[PDB]
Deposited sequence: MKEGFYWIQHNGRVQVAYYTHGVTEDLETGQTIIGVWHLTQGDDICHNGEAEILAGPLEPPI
């Protein structure tokens, strides 16, 4: 529920993504996963949260 970086798994890919409370109206969902590679995805269960939010080192 907090904006930040998290380890997630999406289609078998373990990766770090950024989470924002972005609103996506197609049905409307709040929560967006910003990935390092690939299009953003709504927080609708396709991606599963493994850990986070990660504490930044500075």
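Q: What are the unmodelled segments when the structure is compared with the full deposited sequence, in sequence order?
A: Gaps in the modelled chain, taken against the deposited sequence, amount to a single one at 27-30.
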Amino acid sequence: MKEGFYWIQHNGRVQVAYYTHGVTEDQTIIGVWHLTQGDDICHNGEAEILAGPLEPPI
From here on, numbers count along this sequence of modelled residues.
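Q: Looking at the entry's B-factor column for C-alpha atoms only, identify whether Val16 ranks in the lowest, middle or highest third of its chain.
A: Its C-alpha B-factor, which the entry lists for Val16, ranks in the lowest third among residues of this chain.
Q: With respect to C-alpha B-factor, does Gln9 fall in the lowest, middle or highest third of the chain as deposited?
A: Its C-alpha B-factor, which the entry lists for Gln9, ranks in the lowest third among residues of this chain.
Q: Lowest, middle or highest third: where is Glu46 by C-alpha B factor in its chain?
A: Middle third by C-alpha B-factor.
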